[PDB]
Structures are given as C-alpha cells and as structure tokens.
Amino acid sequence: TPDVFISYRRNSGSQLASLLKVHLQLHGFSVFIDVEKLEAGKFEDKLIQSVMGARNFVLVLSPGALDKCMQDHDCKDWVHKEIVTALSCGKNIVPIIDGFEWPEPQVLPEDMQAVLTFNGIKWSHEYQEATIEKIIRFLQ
C-alpha cells in the first residue's frame, strides 16, 4: 500500500508528476501514480481506493490544473474526485505549485474549496534538489 498518491492533470503536469515519482522513490517512499500502479479492473474503484490508502496526497498544480474541476458539480472530473477523496479522508495534502495561478475559492466546487487552505510548495526549476528536500519534509 503506497505512502504517496500523486494526482495530476495529464495535459499539463504529466512530466512533473513522473519527475516527482522518481525522486520520491529514490528517497524511499512508495508512490502511486496511475501509469505505474493503476492495473486491472474497474478503475473508478481502484483509483478511489488508492487515494484512501495513501498517507500523503501530492497534488501537482500545473497551469490550469483545476480548470476542469470548475462547475463539475456532478463530480465527474478525475482530479476533482481525487481531491474530494483526499479531503474527505483527512490526508496530508501537499500541493506542488508549477506556474499555477491561485483562483478565487468561489470558482471551485464547495466540496474541494478547502484544498487551497493547505500550504503549497513552489516547484523551482533552478533549485530542484532543494525543492525535493522540502517536499520530503512535508511528507509523513
């Protein structure tokens, strides 16, 4: 059962999300990212269970990463579903900020507005190792 769940928006954060996976594994954390760990069966159940099972929830805020969450009030967007599950289970949420612009809370669905109240880490392209060490301090 993975220590860390990495949630990300494919069209804009795939590369950073995989970069985060490599570094965290090199530092001894078990990591769930879909392309390495989402295997057979109905994926809706497996994904939700993977979030529920992970102590740490690493949220890759690339540019526009929460845009498809906006007005998703049936909760059909997958980042939205993953965040609400992490919030509902009281996980240690660690937002990683990479060119993300902070939205107004009211533009996000009520069941995920609390994600903006967690302290985020700025991804520094020039000081990546320092960025990684800070992330590890945030993790449990």
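For every residue, the number given is its place in the sequence shown, counted from 1.
In this entry, the higher average B-factor at the C-alpha atoms falls on 70-78, of the pair 34-42 and 70-78. Per-stretch averaging of Cα B factors for 61-69 and 99-107 places 99-107 on top. Within the group 94, 86, 112, 47, the record's highest C-alpha temperature factor is found at 112. Residue 122: CA B factor in the highest third of modelled residues in this chain (values from the PDB entry).
The entry lists a Cα temperature factor for residue 15 that places it in the middle third of the chain's modelled residues.
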